[PDB]
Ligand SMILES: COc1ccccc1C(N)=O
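Consider the single chain below, provided in structure tokens and representing the form solved without the ligand.
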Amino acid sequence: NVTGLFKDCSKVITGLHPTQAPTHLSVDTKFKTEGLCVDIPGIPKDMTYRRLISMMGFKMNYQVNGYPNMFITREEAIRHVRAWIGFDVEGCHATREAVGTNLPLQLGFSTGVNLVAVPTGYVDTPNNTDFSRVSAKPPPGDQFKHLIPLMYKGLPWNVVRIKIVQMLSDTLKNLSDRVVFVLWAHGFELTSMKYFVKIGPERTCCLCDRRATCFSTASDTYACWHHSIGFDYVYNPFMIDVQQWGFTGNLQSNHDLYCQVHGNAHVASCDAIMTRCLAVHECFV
């Protein structure tokens, strides 16, 4: 029994050396015997490998005192309706040196904002994990023909996460002390969040008494939506998956049951708008 979380997406026909494999599963077959591994002097470590590691399959069901839960109940999301931001990501597929994972390409929000990111992955090396640009291809299809030009109009993630924090801060400073991302089939969005979200115990702003919604790696400091200028990370966000509310079909068909003013332009921000719209109609009518 295995998971897709941290799946090795390289095309290397061998596993890893016992000293370099992150897990027993990833050790090369030559080293395995009786449920354990053996060191084989004469079969050396690899010092040049680059192995793309998949960020699909995160499970945020931790129960740790002092750490808030990311996924909240419908009743708690209702109480924080002013914090609702619809969120959707259109991804691209890993290609050439790797195959088997999706990388964020277009991040859409119910504020109408679309951000294009350079296809970046988590690549294991003999020394560390290297967060770097990877070869990617837009999904095989014609409804994703709008993504083909975006493969060259993307920004590095260090800029993208700064723009997300800036947009959320501009939108939510006068509305709420939190953010609640409103999702439909949260899997890929949660994967995308690894690229711009950090978690931990509840903190206060460095400049005021309001709770911290942002974090800066550069200064190791926390800030509210009012003082997050220059901040790169979303800190302790909340979220909910509208798909899990007992809906039979897809996002568009359920949204169109209540609303006729949000046509499908087939962009990430459009799905994010439809998600928040459906959540409002379902929760308050």
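All residue numbers refer to positions in the sequence shown, first residue = 1. So that the term is clear: the rigid core is the largest set of C-alpha atoms that superpose within 1.5 Å between two forms.
Note on 31-39 and 221-229: with rigid core alignment, C-alpha atoms in 8 other deposited structures of this protein sit farther from this form for 31-39. Stretch comparison, 108-116 versus 137-145: after rigid core superposition, larger RMS CA deviation in 8 other deposited structures of this protein is found for 137-145. The PDB entry records a higher mean C-alpha B factor for 133-141 than for its counterpart among 133-141 and 104-112. Mean CA temperature factor is higher for 259-267 when stretches 18-26 and 259-267 are set side by side in the entry. Based on the entry's C-alpha B-factors, the most elevated value among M151, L183, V197, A83 belongs to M151. The PDB entry gives the largest Cα B-factor of the residues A77, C206, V179, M193 to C206. Among the modelled residues of its chain, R50 has a C-alpha B-factor that falls in the middle third, as given in the PDB entry. Ranked by C-alpha B-factor against the other modelled residues of its chain, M70 falls in the middle third.
When the modelled residues of the chain are ordered by their C-alpha B factor, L251 lands in the middle third. The entry lists a Cα temperature factor for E90 that places it in the middle third of the chain's modelled residues. Sort the chain's modelled residues by C-alpha temperature factor and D241 lands in the lowest third, per the entry.
There is also a form solved in complex with the ligand; it is not shown, and the following applies to it.
In this form the binding site remains open, since the ligand, overlaid from its pose in the deposited complex, puts no atom within 2.4 angstroms of a backbone or C-beta atom. Among the residues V116, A185, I72, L175, the one placing a heavy atom within 4.5 Å of the ligand in the deposited complex is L175. Scanning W84, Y122, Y195, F215 against the ligand in the deposited complex with a 4.5 Å heavy atom cut-off leaves one residue, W84. Only one of 104-112, 72-80, 135-143, 152-160 lies within 4.5 Å of the ligand in the deposited complex by heavy atoms, and it is 104-112. At least one heavy atom of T171 is located within 4.5 Å of the ligand in the deposited complex. Contacts of stretch 270-285 with the ligand in the deposited complex, defined by any heavy atom lying within 4.5 Å, are made by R276 alone.
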